[PDB]
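A short write-up of the structure that comes next.
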Amino acid sequence: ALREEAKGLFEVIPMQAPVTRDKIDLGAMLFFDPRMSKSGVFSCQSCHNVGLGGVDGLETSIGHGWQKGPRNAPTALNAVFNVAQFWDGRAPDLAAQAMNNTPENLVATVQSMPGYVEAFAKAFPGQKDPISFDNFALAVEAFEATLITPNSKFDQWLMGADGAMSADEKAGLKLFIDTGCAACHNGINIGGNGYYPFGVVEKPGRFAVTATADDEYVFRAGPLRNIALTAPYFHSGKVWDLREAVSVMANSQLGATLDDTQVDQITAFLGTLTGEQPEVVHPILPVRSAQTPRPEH
Amino acid sequence: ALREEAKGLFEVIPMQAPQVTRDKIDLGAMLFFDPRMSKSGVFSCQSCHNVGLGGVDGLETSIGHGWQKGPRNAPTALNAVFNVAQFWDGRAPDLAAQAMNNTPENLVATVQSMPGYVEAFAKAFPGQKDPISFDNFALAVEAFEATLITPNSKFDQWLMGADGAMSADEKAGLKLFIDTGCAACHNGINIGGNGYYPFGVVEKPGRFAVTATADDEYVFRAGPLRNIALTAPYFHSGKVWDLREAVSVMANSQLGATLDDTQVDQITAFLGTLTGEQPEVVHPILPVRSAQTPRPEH
Ligand code: HEC
Ligand code: HEC
Ligand code: HEC
Ligand code: HEC
Ligand SMILES: [Ca+2]
Ligand SMILES: [Ca+2]
Ligand SMILES: [Zn+2]
Ligand SMILES: [Zn+2]
Ligand SMILES: [Zn+2]
């Protein structure tokens with residue numbers, strides 16, 4: 001019954017997200033290559049650490065031009081299923097929207113390595129110039145599709161394991177749904193679908209939720225899957241305790257009066273969204289050449 | 001014959017270094033890949049000793065150890081366990097006895113604060129009132145590091161009898177390397193990483209040169225050349241990016257001898273012969289943090 005209701009609001013993470021191999025292998029390399037960053041110190045992996053729930057464990061960091069400022073890095077895990085992929089911005093901008101190393105540099109970098117040259121060859125069989133920014137992205141994309149975490153306790157229960165979750169955890173599921181959370185944090189990723197004119201801020205609880213300066217400016221209701229592994233929380237990454245994050249959100253213009261037990265249960269439910277982490281072998285990155293652009297410095 | 005001579009100056013990398021001994025490696029892997037072991041929470045050993053980048057960070061310099069005398073080019077972790085001289089430079093005396101922020105207190109605390117690390121240390125060290133001690137912490141990391149060895153390089157193969165594992169040029173580079181005097185400092189199982197010398201490559205206001213240190217008391221380590229083809233840039237400053245040039249600035253110095261273009265090319269050709277099979281390493285799943293886990297810097 002509750003499952004019937006839950007089934008109407010969420011989806012489970014599939015065994016595998018919807019060349020292919022060499023396409024993934026190329027992506028893995030690019031994803032783990034720090035030379036793809038202007039400074040040569042950051043690789044996707046650095047901030048979307050596959051060993052840390054696909055995050056960097058820091059309050060904030062900066063790695064994309066679109067970024068509106070230092071933001072808490074979201075997990076790469078299951079990120080492929082997100083329809084809303086940004087933290088914040090003006091609604092119009094974000095709708096049409098969906099650091100330094102220009103596509104020129106990237107292509108050059110990749111271009112400069114024999115390993116990458118043959119790697120792109122395998123990944124894209126009949127192209128005269130398989131080394132193109134677009135393919136570069138597609139490859140990384142392929143790999144990212146690999147970073148999914150199926151079989152979370154929640155997914156198990158959703159599929160029928162009446163005993164996959166505890167009483168409290170189910171109570172948290174009901175309260176989560178009933179309290180209004182699911183209205184923004186839904187979908188296969190329990191979030192990552194839409195933006196809202198709200199953001200959590202620290203006061204000079206130490207944090208509150210306040211409307212954006214303009215209703216047109218919005219923040220993304222992030223995917224809660226694996227959240228137990230992606231601390232700190234909120235765009236600022238200032239709240240480190242999951243229980244408190246649930247709390248600052250429950251007790252706000254967004255949720256409703258919730259008691260300590262109730263809060264505890266929703267957060268208990270949230271821990272239920274941690275899925276089996278991808279086992280990823282660190283790829284052996286191709287050797288650099290004299291033509292390979294040197295790191296920032 | 002040349003092999004007989006080479007066999008007297010170097011050793012091949014073993015299939016496995018001479019090291020629970022599994023639960024220790026696994027624990028080491030985690031610590032090695034855990035960025036929370038750094039004060040700022042952004043650097044893990046892996047960050048600067050990237051197992052995908054010949055165990056280096058690919059930067060001119062970086063800073064990650066208290067003993068460091070200043071920004072230095074990060075050496076590969078690969079085969080590092082076989083090095084007897086493990087520092088870049090310093091005063092001979094200091095270095096003899098000697099062998100960033102997060103104090104051993106913090107580390108132990110950090111590890112201590114995670115249930116995963118607690119059970120991981122348990123498996124790694126079956127007996128102890130507190131298996132979670134800085135010493136064990138190091139021992140575990142050490143265990144893993146012993147895993148980061150690159151055997152079967154073309155050179156090792158040839159040393160083991162494969163007359164055809166190396167090319168003519170590469171063998172010429174081996175003879176030149178030996179004959180020119182390189183092997184005098186760059187020898188051992190790692191073709192270096194054994195001793196320090198009163199010389200350092202400095203950028204001239206070639207564009208670099210081997211200069212004697214201010215005082216012969218102060219010395220720089222003749223680093224291991226294995227996998228060097230993968231560990232650019234070169235020298236303590238990490239200012240030379242081309243291997244061929246590194247060979248050159250060193251050949252054309254008091255440490256080397258007069259080598260022409262082909263000779264230099266051959267020595268550098270030989271050096272590429274030291275790249276061994278890279279360790280296939282699965283990125284470990286780091287244990288989750290707790291409320292007691294020290295928060296990152298900032
Ligand atoms: C130095 C930090 C940093 C690096 C390096 C970095 N990222 Fe990110 N990434 C972030 C931050 C911060 C965000 C979220 C901020 C925002 O959207 O405003 C993010 C978000 C993302 C997202 C969207 C997540 C979601 O849930 O929709 C993807 C996909 C992503 N990064 C991919 C990559 C890839 C691929 C690379 C390597 C080319 C990379 N990142 C490198 C910091 C980084
Ligand atoms: C009006 C829309 C809305 C509703 C309803 C809502 N949220 Fe959110 N939630 C957001 C937005 C927007 C963010 C991100 C903004 C930020 O980080 O400041 C967010 C972020 C979060 C985060 C942080 C996730 C992370 O990865 O850091 C948690 C936890 C959360 N919400 C829990 C809940 C819970 C529990 C409820 C129900 C009591 C709820 N939310 C209801 C809009 C909503
Ligand atoms: C931010 C940079 C940085 C980080 C993080 C870092 N290292 Fe290093 N490491 C270096 C540099 C630079 C050197 C060489 C400098 C010197 O010796 O003066 C080095 C050298 C070493 C060496 C000796 C190499 C040899 O060939 O003898 C070992 C072993 C080592 N690091 C282990 C580690 C371990 C284990 C960690 C994690 C606890 C780690 N490093 C983290 C920068 C770093
Ligand atoms: C007198 C001792 C000595 C002799 C002889 C010597 N080297 Fe070195 N070599 C060093 C020292 C010390 C360093 C490191 C100092 C620095 O980086 O400035 C070094 C560094 C190097 C490096 C850089 C390694 C790296 O990882 O960055 C290369 C390459 C090198 N030597 C090649 C050679 C070659 C080729 C010869 C023979 C022509 C040779 N060396 C002879 C002392 C010596
Ligand atoms: Ca977070
Ligand atoms: Ca180097
Ligand atoms: Zn903010
Ligand atoms: Zn409570
Ligand atoms: Zn210097």
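We label chains A, B, ... in the order they appear in the structure tokens, count residues from 1 in each chain, and number ligands from 1 in the order shown.
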Discussion item. Can you work out which residues are within 9 Å of ligand 7, considering only C-alpha atoms and all ligand atoms, and then hand them over as a ChimeraX atom specification?
Written reply: /A:69-71,199-202,234-237
Worksheet item: What residues in chain A lie within 10 Å of chain B, counting only C-alpha atoms, written as an MDAnalysis selection string?
Response: chainID A and resid 29 32:35 39:43 46:47 49:53 56:60 228:232 240:241 277:290 294:297
Worksheet entry | Test item, strand (DSSP E or B) assignment across stretch 70-241 of chain A, answer as a ChimeraX atom specification | /A:71,88-90,187,195-196,198-202,207-211,217-220,233,239
Worksheet item: Hey, which residues come within 8 Å of ligand 4 if we count only C-alpha atoms and all ligand atoms? Could you give them as a ChimeraX atom specification?
Response: /B:73,75,88,176-178,180-186,196-202,210,219-225,228,231-238,243,246-248,250-257,264,267-268
Practice prompt. Please give the complete set of residues from stretch 2-94 of chain B that DSSP, run on the backbone, assigns to helix (DSSP H, G or I), formatted as an MDAnalysis selection string.
Written response: chainID B and resid 2:7 23:33 35:37 45:48 80:82 92:94
Practice prompt. Point out the residue among B:20, B:37, B:168, B:174 with the least atom-to-atom distance to residue B:113, counting only C-alpha atoms.
Written response: B:37
Discussion item. Neighbouring residues of residue A:83 were defined as those with any atom within 9 Å, considering only C-alpha atoms; residues of the same chain fewer than 4 positions away were excluded. Please report them as a PyMOL selection string.
Written reply: chain A and resi 79+98+192-194
Worksheet entry | Environment of ligand 8 within 8 Å, counting only C-alpha atoms and all ligand atoms, reported as a VMD selection string | chain A and resid 260 to 261 263 to 264
Residues just named, written with N, CA, C and O atoms as an mmCIF file, in the first residue's frame:
```
data_model
loop_
_atom_site.group_PDB
_atom_site.id
_atom_site.type_symbol
_atom_site.label_atom_id
_atom_site.label_comp_id
_atom_site.auth_asym_id
_atom_site.auth_seq_id
_atom_site.Cartn_x
_atom_site.Cartn_y
_atom_site.Cartn_z
ATOM 1 N N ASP A 260 11.162 15.666 16.751
ATOM 2 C CA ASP A 260 12.437 15.019 16.820
ATOM 3 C C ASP A 260 12.372 13.575 16.330
ATOM 4 O O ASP A 260 13.242 13.167 15.568
ATOM 5 N N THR A 261 11.342 12.817 16.719
ATOM 6 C CA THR A 261 11.210 11.417 16.287
ATOM 7 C C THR A 261 10.966 11.376 14.797
ATOM 8 O O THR A 261 11.586 10.604 14.056
ATOM 9 N N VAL A 263 11.642 13.684 12.558
ATOM 10 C CA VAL A 263 12.846 14.103 11.856
ATOM 11 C C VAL A 263 13.789 12.899 11.778
ATOM 12 O O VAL A 263 14.239 12.532 10.699
ATOM 13 N N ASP A 264 14.041 12.272 12.925
ATOM 14 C CA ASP A 264 14.905 11.102 13.009
ATOM 15 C C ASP A 264 14.541 10.031 11.996
ATOM 16 O O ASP A 264 15.419 9.394 11.404
#
```
Fill in: Distance criterion (only C-alpha atoms and all ligand atoms): nearest to ligand 5 out of A:3, A:122, A:238, A:64
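Of A:3, A:122, A:238, A:64, the one nearest ligand 5 is A:238, counting only C-alpha atoms and all ligand atoms.
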Practice prompt. Kindly provide, as an MDAnalysis selection string, all nucleotide and amino acid residues lying within 7 Å of ligand 2, counting only C-alpha atoms and all ligand atoms.
Written response: chainID A and resid 74 176 179:185 195:201 219:224 227 230:237 242 245:246 249:250 254:256 266
Output the selection as a CSV table (one decimal), in the first residue's frame - N, CA and C atoms for each residue.
```csv
chain,number,residue,atom,x,y,z
A,74,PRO,N,28.1,17.9,-6.0
A,74,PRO,CA,27.2,16.9,-6.0
A,74,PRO,C,27.8,15.6,-6.4
A,176,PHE,N,8.2,11.5,4.9
A,176,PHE,CA,8.9,12.2,3.8
A,176,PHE,C,7.8,12.5,2.7
A,179,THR,N,4.9,14.8,4.3
A,179,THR,CA,5.3,16.1,4.7
A,179,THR,C,5.5,17.1,3.5
A,180,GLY,N,5.6,16.5,2.3
A,180,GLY,CA,5.8,17.3,1.1
A,180,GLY,C,7.1,17.3,0.4
A,181,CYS,N,8.1,16.6,1.1
A,181,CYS,CA,9.4,16.4,0.5
A,181,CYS,C,9.4,15.9,-0.9
A,182,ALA,N,8.7,14.8,-1.1
A,182,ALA,CA,8.6,14.1,-2.4
A,182,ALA,C,8.2,15.0,-3.5
A,183,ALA,N,7.5,16.1,-3.2
A,183,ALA,CA,7.0,17.0,-4.2
A,183,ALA,C,8.2,17.6,-5.0
A,184,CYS,N,9.4,17.7,-4.3
A,184,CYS,CA,10.5,18.3,-5.0
A,184,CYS,C,11.7,17.3,-5.2
A,185,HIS,N,11.7,16.4,-4.2
A,185,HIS,CA,12.7,15.4,-4.2
A,185,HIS,C,12.1,14.0,-4.6
A,195,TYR,N,14.1,23.1,-9.9
A,195,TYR,CA,14.7,24.2,-9.1
A,195,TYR,C,13.6,24.9,-8.4
A,196,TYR,N,13.9,25.6,-7.2
A,196,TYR,CA,13.0,26.3,-6.5
A,196,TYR,C,13.6,27.6,-5.9
A,197,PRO,N,12.8,28.6,-5.7
A,197,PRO,CA,13.2,29.9,-5.2
A,197,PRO,C,13.6,29.9,-3.7
A,198,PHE,N,14.3,28.9,-3.3
A,198,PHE,CA,14.7,28.8,-1.9
A,198,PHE,C,16.2,28.3,-1.8
A,199,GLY,N,16.8,28.7,-0.6
A,199,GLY,CA,18.2,28.3,-0.4
A,199,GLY,C,18.4,28.3,1.1
A,200,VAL,N,19.3,27.4,1.6
A,200,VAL,CA,19.6,27.4,3.0
A,200,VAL,C,20.7,28.4,3.2
A,201,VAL,N,20.6,29.2,4.3
A,201,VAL,CA,21.6,30.1,4.6
A,201,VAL,C,22.0,30.0,6.1
A,219,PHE,N,17.2,27.5,-6.8
A,219,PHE,CA,18.1,26.5,-6.4
A,219,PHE,C,17.5,25.1,-6.7
A,220,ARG,N,18.4,24.2,-7.0
A,220,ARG,CA,18.0,22.9,-7.3
A,220,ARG,C,17.7,22.0,-6.1
A,221,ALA,N,16.6,21.3,-6.1
A,221,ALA,CA,16.2,20.4,-5.1
A,221,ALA,C,17.0,19.1,-5.5
A,222,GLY,N,18.2,19.0,-4.9
A,222,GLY,CA,19.1,17.9,-5.2
A,222,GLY,C,18.7,16.5,-5.0
A,223,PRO,N,19.3,15.5,-5.7
A,223,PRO,CA,18.9,14.1,-5.5
A,223,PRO,C,19.5,13.7,-4.2
A,224,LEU,N,18.6,13.0,-3.4
A,224,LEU,CA,19.0,12.5,-2.1
A,224,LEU,C,19.7,11.1,-2.1
A,227,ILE,N,23.0,10.2,-0.2
A,227,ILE,CA,23.2,11.4,0.6
A,227,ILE,C,24.0,11.1,1.9
A,230,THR,N,27.4,11.8,1.0
A,230,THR,CA,27.8,13.0,0.4
A,230,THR,C,27.8,14.3,1.3
A,231,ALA,N,28.2,14.2,2.5
A,231,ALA,CA,28.3,15.4,3.4
A,231,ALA,C,29.5,16.2,2.9
A,232,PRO,N,29.4,17.5,3.1
A,232,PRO,CA,28.4,18.3,3.9
A,232,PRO,C,27.2,18.5,2.9
A,233,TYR,N,26.2,19.2,3.4
A,233,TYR,CA,25.0,19.4,2.7
A,233,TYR,C,24.6,20.8,2.3
A,234,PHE,N,23.7,20.9,1.3
A,234,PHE,CA,23.2,22.2,0.8
A,234,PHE,C,24.3,22.8,-0.1
A,235,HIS,N,23.9,23.8,-1.0
A,235,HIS,CA,24.8,24.4,-1.9
A,235,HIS,C,26.1,25.0,-1.3
A,236,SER,N,26.0,25.4,0.0
A,236,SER,CA,27.1,26.0,0.6
A,236,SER,C,27.9,25.0,1.3
A,237,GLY,N,27.4,23.8,1.5
A,237,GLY,CA,28.1,22.7,2.2
A,237,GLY,C,28.5,23.1,3.6
A,242,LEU,N,23.6,15.0,8.6
A,242,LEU,CA,22.4,14.8,7.8
A,242,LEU,C,21.2,15.1,8.5
A,245,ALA,N,20.3,18.6,8.4
A,245,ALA,CA,19.9,19.0,7.1
A,245,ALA,C,18.4,18.7,6.9
A,246,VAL,N,18.0,17.5,7.3
A,246,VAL,CA,16.6,17.1,7.3
A,246,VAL,C,15.9,18.1,8.1
A,249,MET,N,15.3,21.7,6.9
A,249,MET,CA,14.4,21.7,5.8
A,249,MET,C,13.0,21.3,6.2
A,250,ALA,N,12.9,20.4,7.2
A,250,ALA,CA,11.6,20.1,7.7
A,250,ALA,C,10.9,21.3,8.4
A,254,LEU,N,9.2,25.4,3.8
A,254,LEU,CA,9.1,24.4,2.8
A,254,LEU,C,8.4,23.1,3.3
A,255,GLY,N,8.6,22.8,4.5
A,255,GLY,CA,8.0,21.6,5.1
A,255,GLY,C,6.9,21.8,6.0
A,256,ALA,N,7.0,21.3,7.2
A,256,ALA,CA,5.9,21.4,8.2
A,256,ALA,C,6.5,21.0,9.6
A,266,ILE,N,12.8,10.5,9.1
A,266,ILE,CA,13.0,10.9,7.7
A,266,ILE,C,14.5,10.7,7.4
```
Would you mind listing, for every residue of chain A within 6 Å of ligand 1, the two atoms forming the shortest contact and the distance between them in Å to one decimal, using only C-alpha atoms and all ligand atoms, sorted by chain and ascending residue number, as CSV?
```
residue,atom,partner,partner_atom_place_in_ligand_line,distance
A:31,CA,ligand 1,37 (C),5.6
A:42,CA,ligand 1,5 (C),4.7
A:43,CA,ligand 1,5 (C),5.2
A:44,CA,ligand 1,37 (C),3.5
A:47,CA,ligand 1,3 (C),4.9
A:61,CA,ligand 1,12 (C),4.8
A:62,CA,ligand 1,2 (C),4.3
A:63,CA,ligand 1,3 (C),3.5
A:67,CA,ligand 1,18 (O),4.2
A:68,CA,ligand 1,18 (O),5.9
A:71,CA,ligand 1,12 (C),4.6
A:72,CA,ligand 1,12 (C),5.1
A:73,CA,ligand 1,11 (C),3.9
A:74,CA,ligand 1,26 (O),5.2
A:75,CA,ligand 1,26 (O),5.8
A:76,CA,ligand 1,24 (C),5.6
A:79,CA,ligand 1,26 (O),4.4
A:82,CA,ligand 1,27 (O),5.5
A:85,CA,ligand 1,27 (O),3.4
A:86,CA,ligand 1,17 (O),3.9
A:87,CA,ligand 1,18 (O),4.2
```
Put those residues in a file: C-alpha atoms, as a CSV table (one decimal), in the first residue's frame.
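As a result, out-v5.csv now contains:
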```
chain,number,residue,atom,x,y,z
A,31,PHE,CA,37.4,11.1,-15.9
A,42,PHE,CA,42.1,18.2,-10.8
A,43,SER,CA,40.5,15.3,-12.6
A,44,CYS,CA,36.7,14.7,-12.4
A,47,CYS,CA,35.9,16.3,-6.8
A,61,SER,CA,34.8,23.8,-4.7
A,62,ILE,CA,34.9,25.3,-8.2
A,63,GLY,CA,35.1,23.2,-11.4
A,67,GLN,CA,29.0,27.8,-11.7
A,68,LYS,CA,27.5,30.8,-10.0
A,71,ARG,CA,29.3,25.3,-4.6
A,72,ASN,CA,29.1,22.0,-2.8
A,73,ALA,CA,30.1,19.3,-5.3
A,74,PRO,CA,27.2,16.9,-6.0
A,75,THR,CA,27.8,13.1,-6.4
A,76,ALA,CA,28.5,11.9,-9.9
A,79,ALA,CA,24.0,11.9,-12.0
A,82,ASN,CA,19.2,13.9,-13.3
A,85,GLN,CA,21.9,19.3,-13.4
A,86,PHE,CA,22.8,22.7,-11.9
A,87,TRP,CA,22.8,24.1,-8.4
```
Fill in: Separation of atom CA of residue B:148 from atom CA of residue B:78, in Å and rounded to one decimal
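Atom CA of residue B:78 lies 5.0 Å from atom CA of residue B:148.
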